[PDB]
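Before I ask anything, let me first share the structure, which is written out below as structure tokens.
Order of writing sets the labels: A, B, C, D and E. Residues in every chain begin at 1.
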Amino acid sequence: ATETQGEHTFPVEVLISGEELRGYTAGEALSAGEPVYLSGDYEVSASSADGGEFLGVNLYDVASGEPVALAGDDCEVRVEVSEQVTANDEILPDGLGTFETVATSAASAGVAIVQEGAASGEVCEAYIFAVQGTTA
Amino acid sequence: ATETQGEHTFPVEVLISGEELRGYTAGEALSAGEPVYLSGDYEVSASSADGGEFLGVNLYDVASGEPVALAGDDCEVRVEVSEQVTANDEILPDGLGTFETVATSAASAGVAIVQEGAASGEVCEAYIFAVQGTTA
Amino acid sequence: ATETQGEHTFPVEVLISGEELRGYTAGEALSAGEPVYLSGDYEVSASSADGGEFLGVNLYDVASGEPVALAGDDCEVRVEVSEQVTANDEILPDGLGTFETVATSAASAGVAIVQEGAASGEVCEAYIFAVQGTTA
Amino acid sequence: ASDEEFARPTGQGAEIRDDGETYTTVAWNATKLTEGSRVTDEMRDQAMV
Amino acid sequence: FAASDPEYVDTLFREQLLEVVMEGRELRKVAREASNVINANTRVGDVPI
């Protein structure tokens, strides 16, 4: 996620509000605003599509094995979307480093609610409210 | 919601506990204790029945276009119910400015859990645990 | 749960992190790490199996009728499992004062996610994210 | 206050008449404007500013 | 007419709000007189009989 002010591109501040900021270890190289899930014991990797793989979003860029700050549920976040989102859309991880709507995905429940709408490839503002692990 | 004490009517304190207190713009006239959902970008309106429309409860009375405060999830709240609720009932908006049980609605999951039971038209004490939005 | 250091036994602390520490009345004798649900008006009892019965975990040992502190959602907890948990596993009440995987239960959705894997009868580190009640 | 008006022509020994100052109000309804930011302690140390 | 308080009741002054808030129903406080009061050092304890 990035913001334009003239010729300049700026790093988007992922966190709008919230205090659910938690330490994990990176299972791989992660980028800011990337949705993540537990890949091992206190270890997080980037989410695949279609649900069951969401703990939060990564707050700054990490290499593999490094300590990650994660924004969980109870956080308002600036996040990138792969499609058009309206306000009140439920979104979950896309598998592509982004969020997509529950409507588009093969899943049936989301992890964040869209507070400010955005086009494909733009930054929405969302509230994280849920976690998805494995249910079998 | 309101409380009769002889000749007097008192406002009911919507917020029992919690710090999930977040700023939005009212899309219509809203009253204290009323359930709401996102109708536009950071704009909130009164929820309709059968789920997919809940962000929080309106904390104080507002006219259309005014800045509103909401209690979201991890708030304990005082709210008005359209039917008898016992403890451990899951509740969601009824579309009438009040709450009903998941069991009565066409929805399959709620947004709050009843801690203190109430009769129809009276104040229950509930804990907000989820938000519900558009899933298609 | 407990820890051995030579001849000495020490209690395990249930709460790893989190501040959703809320007060209820015990409806039975409850032990540290025990999952509970609302049995009555602000009154909590030990959860049965297969979902629809979870508000939090009991933070310290209590007798019947005594005030109890619960960790709710937003809390990282040290809790005991009946089976092998891996990271990312969703867990919910077992009916035995312990936790089992959503995979093992008749339920489709969990209340906590396992962060640190553990064997049968051992202590996992888990994050509580949801509450469950009566949906009919 | 109401606008300045004009005194009235009068006979001698006659009753003076009233057109006293009449009043109204203008309302204000202040809106809360807020701004916030957060910085980590390590950022605060390391930054050149 | 002229200038009277019924006209300018919100225009030239505010209706008083009394600085004293009058009480609700007060329940009868007796226990401190009606029993022996023990300032305990501990939340749990026992009294010898």
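Assume a residue touches a chain if its C-beta (ideal position, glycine included) is under 8 Å from a C-beta of that chain, and two chains touch if they have at least 3 such contacts.
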{"item": "Neighbouring chains common to chain B and chain C, by label", "value": "A"}
{"item": "From chain A, the most remote chain by mean C-alpha position", "value": "E"}
{"item": "Chain with minimal offset from the mean of all protein Cα atoms", "value": "B"}
{"item": "Centroid comparison with chain C (C-alpha atoms), farthest chain", "value": "D"}
{"item": "Mean-CA-position distance for chain E and chain D (Å)", "value": "36"}
{"item": "Where chain C and chain E are represented by their mean Cα positions, the distance between them in whole Å", "value": "42"}
{"item": "Chain centre separation in whole Å, for chain B relative to chain A (CA means)", "value": "27"}
{"item": "Intercentroid distance (Cα basis), chain D paired with chain C, Å", "value": "58"}
{"item": "Multi-chain contact residues (two or more partners), chain B", "value": "74, 130"}
{"item": "Complex contacts: residues of chain E adjacent to chain D", "value": "2-3, 8, 10-12"}
{"item": "Of chain A, residues touching chain C in the complex", "value": "20, 22, 37-43, 53, 55, 72-74, 130-131, 133-136"}
{"item": "Chain C to chain A touching residues, read off their complex", "value": "17, 73-74, 76, 87-90, 101-103, 108-110, 113-117, 125, 127, 129-130"}
{"item": "Chain E-facing residues of chain D, complex", "value": "18, 20-21, 23-25"}
